[PDB]
Amino acid sequence: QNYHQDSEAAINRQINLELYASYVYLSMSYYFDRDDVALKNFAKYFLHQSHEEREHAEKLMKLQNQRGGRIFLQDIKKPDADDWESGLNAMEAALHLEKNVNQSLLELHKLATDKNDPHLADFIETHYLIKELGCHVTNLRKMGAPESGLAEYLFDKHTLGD
Amino acid sequence: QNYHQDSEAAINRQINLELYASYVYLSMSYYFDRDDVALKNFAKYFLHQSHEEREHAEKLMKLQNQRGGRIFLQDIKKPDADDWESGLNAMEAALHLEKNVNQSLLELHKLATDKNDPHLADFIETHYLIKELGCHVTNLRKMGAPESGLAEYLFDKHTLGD
Amino acid sequence: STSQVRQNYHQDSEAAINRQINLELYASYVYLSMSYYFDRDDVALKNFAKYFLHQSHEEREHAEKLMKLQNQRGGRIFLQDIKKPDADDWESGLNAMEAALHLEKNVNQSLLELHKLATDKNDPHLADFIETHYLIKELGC
Amino acid sequence: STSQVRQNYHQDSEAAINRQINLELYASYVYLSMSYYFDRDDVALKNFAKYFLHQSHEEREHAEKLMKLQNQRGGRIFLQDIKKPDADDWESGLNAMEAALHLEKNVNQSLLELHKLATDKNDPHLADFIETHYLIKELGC
Amino acid sequence: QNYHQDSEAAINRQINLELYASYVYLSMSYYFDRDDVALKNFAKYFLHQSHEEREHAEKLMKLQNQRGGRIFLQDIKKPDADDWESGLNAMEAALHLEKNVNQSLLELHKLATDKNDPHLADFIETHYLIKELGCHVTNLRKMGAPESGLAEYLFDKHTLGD
Amino acid sequence: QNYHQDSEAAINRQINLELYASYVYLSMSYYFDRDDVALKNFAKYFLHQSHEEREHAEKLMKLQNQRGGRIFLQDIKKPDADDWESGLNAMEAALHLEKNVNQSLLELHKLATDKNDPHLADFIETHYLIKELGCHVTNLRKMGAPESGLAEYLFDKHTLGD
Ligand SMILES: [Fe+3]
Ligand SMILES: [Fe+3]
Ligand SMILES: [Fe+3]
Ligand SMILES: [Fe+3]
């Protein structure tokens, strides 16, 4: 039976995807920490996200062990950008990223379903950050970002500062 | 005497008008809940209004029973819009709506007066939301709405967020 | 066009949530009618007035959760007329319970067809939402 | 021949109570099957095991009250086979809730046809018994 | 409308029927108080019944007043027997009597129903003593009554003495 | 190995036998609840028995699950009688029934023994009701049952009423 082989390879792919995502948020957080960007709450938002995604990876690592599989780590690739350009662009990038992480998470779930396997730690993690990142994107665009730096300043103070 | 017949038909029309209004505010509230609109306090404002107007309907239903009339329900028609376009337009629409609900409420009152009938639950509900909706409309227009999305963002944070 | 947050949300699922919203609003209307019938002095059954007013507010609260879900998933809410509740009398407290039976009967059945649809389309998010929403409607406290 | 206590108890009412007794026994059987399914180590849903065992004992207790009524009115109990519950698996906890839905659906509908029958035959004793028995099944605590 | 006239005549017939029944149980009770019958618990059973049936009459008298009708009393006829012959025969007679009282009680109920009138004090009093009197009859016959005086002695001690 | 297949079929047969027995006692209990039989303690005796036999079935259902077998239910057949004729005959029928249930229970035990399998929930349930039902049968016959209805009346009061 190919299943426990597929099942642990999928979990292993997902572990690397979550560590990758944690790495992207870390990169974004400290971009807003730069003196020429200097948006403190944009930096806190992404840093907190960075820690949540590392927690997702550890949860899947605990899960791989509980199912008797073998954790197989890979390189954590660098993000696609060093310069994230703007708070709008970073939120757009976080939205794209979460969608892709979620898509590979549906496939993990469609593997344990579609092979009759309850015990799907997935049922807690799915789809909640996506709408929030989309709302952030929407509000920044309506305010005039990224051309308007006043928009991102005030979004940092009013939405992400609460 | 035609009166108790007119009196309960009027109360019955008003019940449906209040349920209709509650339905409009519900529609507006969840329009601002959309990810491509994403104004949380606009959505809370209209939702709270939606519940107040349902309370008005129930008060008139209790009143119809206390006067020995018969409650006669009708279809609650859908609002005129699915897309309310902007926070300004929705406030303008709420203002138009409250004026029309109030006008049919004066006629209910000019029926119990003008036919010598105290016991007018109306004397508590009349004219208070209208000036507030007008002030909201005025402030949004002065700020630059609806072309300026910065205006509605800040109005949401500063006026409706208090 | 398409919502920027939409992902794995079938157009049939979106349309079925929109149908379920109107059903729950309708259920709220029907329970409200019953509640103010038992409030009549003809009838004066306060226990049944009290209980159908509570069910009216619960059904309307369930509709709003379905509306919240539609937006969270990037679907678009399309509201329709809430049809009048069909009978203004309800006669006895047991003839009302019978009407409430066929109504809760069709609302819960609609939720189970929603669950089958979410399953056929491999939408675990939708399925899990419908499941708990259904167990909630059915197993209070 | 005829019971010395029988009075105003139509032969159709007697036969319908005998049908309802078997239905409630059957409902008790079906709930018991479900309960020990969720007790399997495959499944291990103790909340659903606990709840369907309680419904099994309630349905069997309701059958005995119908049997008590049949004797109080001078009818004669005639028992039939309790048919096996149809499916031994039940798959998921929600596919069981769906089966429980159609079952409670048909049991309650049978009680309402019993009430209509008691009304057509001017049996206020029977009608009032079915009414409270029905509100009890439906409004616990 | 003939109804309030029929409704109070029915209540008036029922009042006299309950007083009649109370009179029959009184007669039976003190028959078992005779030295040549001498069954103390048969006498307590019927006496208690005698008081319950007087309470039924008073309940219907209170009801007639609450409905704005007029109480119209009649002669309370003597029972059909002075000598009730045996404990079996008296129980058989009580069974026949309760059935007849119940039958005129269904007609009272089929008058307020069948003329759409809730407020039927009847819904508390109907059919409960009948099965008990039938069980008593059954047990006495199976024991050997009325030829066997041992049967009625022991029934008095064991069933009616508890 | 045929064993776990035989072992769960036997448990499955026994489950249906206990539910069957519970059904027989239920039928007997409410026969003595009839107004023309009217023996209250005969009805309590069999009803209590009816509940004990349902508990036996559930114990074997719990056991089937603990052993990793599959519960396979069948029709619960109706008892052989609607009219149980007399308290003597019902006790005789209960005695015959318990003997047959016990015989299929020895075979269940001679299957786990005779195939070296401790873990025999049987060791708690075997042979205790049989002697009691036989004593009841003996006493009723000596008293004059079933021709004598005095006998069953007094047995109900003195033996089953304690
Ligand atoms: Fe993640
Ligand atoms: Fe209003
Ligand atoms: Fe009476
Ligand atoms: Fe047993």
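Residues numbered from 1 in each chain as written, not as in the entry; some residues may be left out. Chains lettered and ligands numbered in written order. Part of a larger assembly, values for the part shown. Heavy atoms only, no water.

Structure determination for this PDB entry is given in the record as X-ray crystallography, at a resolution of 2.699 Å.

As recorded by the PDB entry, chain A carries the name Ferritin heavy chain and is attributed to Homo sapiens. Recorded in UniProt under Catalytic activity, the annotation for chain A is "4 Fe(2+) + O2 + 4 H(+) = 4 Fe(3+) + 2 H2O". The record in UniProt for chain A states the following under Sequence similarities: "Belongs to the ferritin family." (UniProt positions renumbered as here; feature names shortened; annotations may be inferred.)

The name recorded for chain C in the PDB entry is Ferritin heavy chain, from Homo sapiens. Regarding chain C, the UniProt comment filed under Catalytic activity reads as follows: "4 Fe(2+) + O2 + 4 H(+) = 4 Fe(3+) + 2 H2O". Quoted verbatim from the Sequence similarities field of UniProt, the annotation for chain C is "Belongs to the ferritin family."

1. Description of the interface of chain C and chain B
Taken together, the contacts link 32 residues of chain C with 29 residues of chain B. The contact between chain C and chain B buries some 2900 Å² in all, and 49% of this surface belongs to carbon and sulfur atoms. In this assembly, chain C and chain B are joined by five salt bridges. Here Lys62 of chain B makes a salt bridge to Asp39 of chain C, at a shortest N to O gap of 3.3 Å. On inspection of chain C and its partner chain B, the count reaches 23 residue pairs in polar contact. (Contact = heavy atoms within 4.5 Å. Buried area = accessible area lost by both parts, 1.4 Å probe. Salt bridge = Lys/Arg side-chain N within 4 Å of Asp/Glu carboxyl O. Polar contact = N/O pair within 3.5 Å; in protein donor to acceptor, adjacent residues only side chain to side chain.)

2. A look at the environment of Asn102 of chain E
Along the chain, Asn102 of chain E turns up in helix α3 (residues 87-112). Each C-alpha atom, one on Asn102 of chain E and one on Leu133 of chain E, is 14 Å from the other, the two residues being 31 residues apart in sequence. Apart from residues no more than four positions distant in its own chain, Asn102 of chain E is found in contact with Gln7 of chain D together with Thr126, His127 and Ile130 of chain E. (Helix = DSSP H or I, 4+ residues; strand = E, 2+ residues; numbered from the N terminus.)

3. A few points about the coordination of the iron ion (ligand 3)
Residue and element names in this part refer to chain E. Every protein donor of the iron ion (ligand 3) is listed here as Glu18 (OE), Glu53 (OE) and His56 (ND1), and their distances to the metal cover 2.0 to 2.3 Å. Donor residues binding the iron ion (ligand 3) come from one chain and are separated in sequence as E-x34-E-x2-H. Taken together, the residues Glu18 in helix α1 (residues 3-31) and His56 in helix α2 (residues 40-66) connect sequence positions 38 residues apart. Of the two residues examined, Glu18 and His56, each falls in the buried class. (Donors = N, O, S within 2.8 Å, 3.2 Å for Na, K, Ca; no water. Buried < 20%, exposed > 50% of the residue type's maximum accessible area, 1.4 Å probe, protein only.)

4. Some points on the coordination of the iron ion (ligand 1)
Residue and element names in this part refer to chain A. Ligation of the iron ion (ligand 1) by protein atoms is provided by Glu18 (OE), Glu53 (OE) and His56 (ND1), these donors lying 2.0 to 2.3 Å from the ion. Expressed as a motif, the donor residue spacing for the iron ion (ligand 1) is E-x34-E-x2-H. We classify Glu18 as buried; its relative accessible area is 2%.

5. Brief notes about the environment of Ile71 of chain F
In this fold, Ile71 of chain F is placed in the loop between α2 (40-66) and α3 (87-112). When the C-alpha atoms of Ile71 of chain F and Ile15 of chain F are compared, they prove to be 8.8 Å apart, with 56 residues separating the residues in sequence. Residues contacting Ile71 of chain F, with those up to four places away along its chain left out, are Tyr36 and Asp88 of chain D together with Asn12, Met61, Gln64 and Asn65 of chain F.

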